[PDB]
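Asker: Structure incoming, see below.
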Amino acid sequence: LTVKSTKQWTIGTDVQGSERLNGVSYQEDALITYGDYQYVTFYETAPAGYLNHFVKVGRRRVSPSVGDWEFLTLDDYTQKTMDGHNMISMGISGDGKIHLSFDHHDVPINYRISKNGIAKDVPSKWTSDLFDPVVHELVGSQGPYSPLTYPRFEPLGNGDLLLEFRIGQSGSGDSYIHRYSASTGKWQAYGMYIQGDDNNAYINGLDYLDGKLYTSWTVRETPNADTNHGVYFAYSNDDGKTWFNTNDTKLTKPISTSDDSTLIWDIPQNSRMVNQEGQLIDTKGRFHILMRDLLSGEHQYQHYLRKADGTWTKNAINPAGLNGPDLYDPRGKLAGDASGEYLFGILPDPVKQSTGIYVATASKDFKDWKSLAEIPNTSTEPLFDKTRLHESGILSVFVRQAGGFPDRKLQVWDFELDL
Ligand SMILES: *[C@@H]1O[C@H](CO)[C@@H](O[C@@H]2O[C@H](CO)[C@@H](O[C@@H]3O[C@H](CO[C@H]4O[C@H](CO[C@H]5O[C@H](CO)[C@@H](O)[C@H](O)[C@@H]5O)[C@@H](O)[C@H](O[C@H]5O[C@H](CO)[C@@H](O)[C@H](O)[C@@H]5O)[C@@H]4O)[C@@H](O)[C@H](O[C@H]4O[C@H](CO)[C@@H](O)[C@H](O)[C@@H]4O)[C@@H]3O)[C@H](O)[C@H]2NC(C)=O)[C@H](O)[C@H]1NC(C)=O
Ligand SMILES: C[C@@H]1O[C@@H](O)[C@H](O)[C@H](O)[C@H]1O
Ligand SMILES: [Ca+2]
Ligand code: NA
């Protein structure tokens, strides 16, 4: 497996401040291909300057040929909170509508949707008038809508879209799911699916494949990040209403964080494992978790694999030259190709200030990690475009640079693989 071409585009100038607002691990998602177009979303500085930002949405044609980016600016909502939690997630439903949810740390929902199905009936002009106003509810559904953190979207097989988030606070919170119907244009409440017990679950993402929805998490006792413990797993066969553990045992609804039947690896507190890293369902149905810990005596990225035959294994990701991350270092992701044979680790290196792309293969039980490429000069939690990789064999990664304002740019890097 080799890289056929590498290309990069500078798409904006990152915002000034001591927190990272663009390129955050739990943006789900930031960079999405739908049909012939790729879409991206990020904050840029508004005319009032420091600590005033607008959401931008970019699109470019990627098929049959790659075209230039064009951007619209949503200049009717000013983001003003210098807090790295307050990121943007985007999702696209099967009616072609683009959904955005943004700017939360324990506050009421901020959500908006396109007026028409602009990712399906593609408009000639890309302007802010394409979007409806910001609202603080999900029409058709019910609250609670506050205090919300961590909006995540997941598209489903019939064109519907899940929106998932935490209600509560660090160290005491629950998680909820809502479902948007592409046929009716309405949301509906699926309710609380994980319930804290004087703690909160931090999921790594949502992964959907062939009618099943998968998630993994750790449990945090207090606002101190050293108090994460455990690696947990569950899946649903009905889009989030009914959940099962790794042994196919039906769970209570909601799942309590005090129920150990979802535990797949005992990791104590003070292991230097961080919440909200990465996960992946590969196209062969194997489930992968990316975390980190110090338990071997060195800081290392860790790969948890759920095999076909229910087994779980844990193996360090330690290719030559990769510096292992501590608790507060940037978080990575796992990507997979359409065939299910290739697993990509998109791993930020906290010493080199770069993002490494590593590959392992199912034929070698994913133990053959090799360097494939590097993105230099990054201070980012890398994010990638799942659909573009599956459909085109192009690994497309959104990054925030290292460096100081206003030199620090936002970029998309495309690695064309000879898959
Ligand atoms: C339902 O699903 C669950 C989840 O998959 C499943 O439970 C697993 O069952 C398998 C097989 O029965 C167990 O696998 C064995 O584990 C042996 C010891 O496990 C210990 O270590 C686990 C890993 O943590 C270690 O390392 C981390 C650092 O990475 C560290 O933090 C830990 O302290 C620890 O050192 C750990 O998760 C596990 O903890 C469970 O058990 C303890 C009590 O023992 C409990 O207190 C915990 O809360 C938790 O329940 C435990 O501490 C291991 O020695 C053994 O290896 C032998 O067999 C393999 C064959 O595969 C050989 O390769 C090897 O050479 C040895 O001969 C084997 O790997 C696994 O531990 C269970 N996992 C959990 C979370 O319980 C249930 O069986 C399923 N039930 C049904 C009905 O299907
Ligand atoms: C460790 C800490 O945990 C949560 O508050 C968020 O994920 C944040 O981004 C991370 O820095
Ligand atoms: Ca996802
Ligand atoms: Na608590």
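Here, A, B, ... name the chains of the structure tokens in the order displayed, residue numbers run from 1 inside each chain, and ligands are numbered from 1 in the same displayed order.
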Can you build me a table of chain A residues sitting at most 10 Å from ligand 3, with the closest atom pair per residue and its distance in Å to one decimal, using only C-alpha atoms and all ligand atoms, sorted by chain and residue number, as JSON lines?

Answerer:
{"residue": "A:26", "atom": "CA", "partner": "ligand 3", "partner_atom_place_in_ligand_line": "1 (Ca)", "distance": 9.7}
{"residue": "A:27", "atom": "CA", "partner": "ligand 3", "partner_atom_place_in_ligand_line": "1 (Ca)", "distance": 9.4}
{"residue": "A:28", "atom": "CA", "partner": "ligand 3", "partner_atom_place_in_ligand_line": "1 (Ca)", "distance": 6.0}
{"residue": "A:29", "atom": "CA", "partner": "ligand 3", "partner_atom_place_in_ligand_line": "1 (Ca)", "distance": 7.1}
{"residue": "A:91", "atom": "CA", "partner": "ligand 3", "partner_atom_place_in_ligand_line": "1 (Ca)", "distance": 9.7}
{"residue": "A:152", "atom": "CA", "partner": "ligand 3", "partner_atom_place_in_ligand_line": "1 (Ca)", "distance": 7.6}
{"residue": "A:153", "atom": "CA", "partner": "ligand 3", "partner_atom_place_in_ligand_line": "1 (Ca)", "distance": 6.8}
{"residue": "A:154", "atom": "CA", "partner": "ligand 3", "partner_atom_place_in_ligand_line": "1 (Ca)", "distance": 5.2}
{"residue": "A:155", "atom": "CA", "partner": "ligand 3", "partner_atom_place_in_ligand_line": "1 (Ca)", "distance": 7.8}
{"residue": "A:162", "atom": "CA", "partner": "ligand 3", "partner_atom_place_in_ligand_line": "1 (Ca)", "distance": 9.9}
{"residue": "A:204", "atom": "CA", "partner": "ligand 3", "partner_atom_place_in_ligand_line": "1 (Ca)", "distance": 9.2}
{"residue": "A:205", "atom": "CA", "partner": "ligand 3", "partner_atom_place_in_ligand_line": "1 (Ca)", "distance": 5.6}
{"residue": "A:206", "atom": "CA", "partner": "ligand 3", "partner_atom_place_in_ligand_line": "1 (Ca)", "distance": 4.3}
{"residue": "A:207", "atom": "CA", "partner": "ligand 3", "partner_atom_place_in_ligand_line": "1 (Ca)", "distance": 4.7}
{"residue": "A:208", "atom": "CA", "partner": "ligand 3", "partner_atom_place_in_ligand_line": "1 (Ca)", "distance": 7.1}
{"residue": "A:213", "atom": "CA", "partner": "ligand 3", "partner_atom_place_in_ligand_line": "1 (Ca)", "distance": 9.6}
{"residue": "A:214", "atom": "CA", "partner": "ligand 3", "partner_atom_place_in_ligand_line": "1 (Ca)", "distance": 9.3}
{"residue": "A:215", "atom": "CA", "partner": "ligand 3", "partner_atom_place_in_ligand_line": "1 (Ca)", "distance": 9.3}
{"residue": "A:278", "atom": "CA", "partner": "ligand 3", "partner_atom_place_in_ligand_line": "1 (Ca)", "distance": 9.7}
{"residue": "A:279", "atom": "CA", "partner": "ligand 3", "partner_atom_place_in_ligand_line": "1 (Ca)", "distance": 8.6}
{"residue": "A:280", "atom": "CA", "partner": "ligand 3", "partner_atom_place_in_ligand_line": "1 (Ca)", "distance": 8.1}
{"residue": "A:281", "atom": "CA", "partner": "ligand 3", "partner_atom_place_in_ligand_line": "1 (Ca)", "distance": 9.4}
{"residue": "A:386", "atom": "CA", "partner": "ligand 3", "partner_atom_place_in_ligand_line": "1 (Ca)", "distance": 8.6}

Asker: Hey, which residues sit close to ligand 2? Say within 7 Å, counting only C-alpha atoms and all ligand atoms, and write them as a list in words.

Answerer: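 Checking only C-alpha atoms and all ligand atoms against ligand 2 at 7 Å gives residues 84, 85, 225, 274, 275, 276 and 328 of chain A.
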
Asker: Kindly compile the residues surrounding ligand 4 within 7 Å, counting only C-alpha atoms and all ligand atoms, and format them as a list in words.

Answerer: residues 171, 172, 198, 199, 221 and 222 of chain A

Asker: Let me have all residues with an atom within 10 Å of ligand 1, counting only C-alpha atoms and all ligand atoms, laid out as a ChimeraX atom specification.

Answerer: /A:229-233,245-249,260-269,271,292-296,302,304,306,310-316

Asker: Tell me which protein, DNA and RNA residues are within 7 Å of residue 79 of chain A, counting only C-alpha atoms, leaving out same-chain ones fewer than 2 positions away, and put them as a ChimeraX atom specification.

Answerer: /A:52-54,77,81,103

Asker: Let's have the selection written as a JSON list (two decimals), in the first residue's frame, with C-alpha atoms.

Answerer:
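To be explicit, this is the file written out as part_0.json:
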[["chain", "number", "residue", "atom", "x", "y", "z"],
["A", 52, "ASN", "CA", -15.76, 36.98, 18.11],
["A", 53, "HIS", "CA", -16.17, 34.13, 15.65],
["A", 54, "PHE", "CA", -18.57, 33.01, 12.94],
["A", 77, "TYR", "CA", -24.55, 34.01, 15.38],
["A", 81, "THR", "CA", -16.73, 31.66, 24.45],
["A", 103, "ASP", "CA", -20.88, 26.21, 20.78]]

Asker: List as a ChimeraX atom specification the protein and nucleic acid residues near segment 340-352 of chain A, meaning an atom at most 9 Å away when only C-alpha atoms are counted, but skip any in the same chain fewer than 2 places from it.

Answerer: /A:282-286,290,301,317,322-326,329-338,354-363,366,369,376-384,397

Asker: Residue 45 of chain A: which residues within 10 Å, counting only C-alpha atoms, same-chain residues fewer than 3 positions away excluded, as a ChimeraX atom specification?

Answerer: /A:12-16,48-56,78-79

Asker: Identify which of the residues A:181, A:252, A:114, A:175 lies closest to residue 99 of chain A, counting only C-alpha atoms when measuring atom-to-atom distances.

Answerer: A:114

Asker: Give me, as JSON, numbers by chain, the residues of segment 157-267 of chain A that a backbone DSSP run labels helix (DSSP H, G or I).

Answerer: {"A": [225, 226, 227, 260, 261, 262]}

Asker: Considering only C-alpha atoms, state which residue in the set A:116, A:73, A:195, A:318 is at the smallest distance from residue 132 of chain A.

Answerer: A:116

Asker: Would you pick out the contacts of residue 65 of chain A at 12 Å or less, using only C-alpha atoms, so that residues sharing its chain but fewer than 3 positions from it are not included, and give the list as an mmCIF file with C-alpha atoms, in the first residue's frame?

Answerer:
data_model
loop_
_atom_site.group_PDB
_atom_site.id
_atom_site.type_symbol
_atom_site.label_atom_id
_atom_site.label_comp_id
_atom_site.auth_asym_id
_atom_site.auth_seq_id
_atom_site.Cartn_x
_atom_site.Cartn_y
_atom_site.Cartn_z
ATOM 1 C CA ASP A 36 -20.210 14.626 -5.555
ATOM 2 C CA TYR A 37 -19.302 17.280 -2.959
ATOM 3 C CA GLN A 38 -17.199 17.556 0.181
ATOM 4 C CA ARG A 60 -16.096 21.739 -3.025
ATOM 5 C CA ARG A 61 -16.797 19.403 -5.859
ATOM 6 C CA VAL A 62 -14.760 16.212 -5.499
ATOM 7 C CA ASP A 68 -12.131 24.804 -5.646
ATOM 8 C CA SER A 392 -12.683 7.101 -3.548
#

Asker: Would you return as a PyMOL selection string the members of segment 249-349 of chain A that DSSP assigns to strand (DSSP E) on this structure's backbone?

Answerer: chain A and resi 255-256+263-265+278-281+287-293+300-306+312-317+333-336+342-349

Asker: For each of A:46, A:88, A:1, A:109, take the minimum atom-to-atom distance to residue 75 of chain A, counting only C-alpha atoms, then give the residue where this is smallest.

Answerer: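 That would be A:46, the residue with the smallest distance to residue 75 of chain A.
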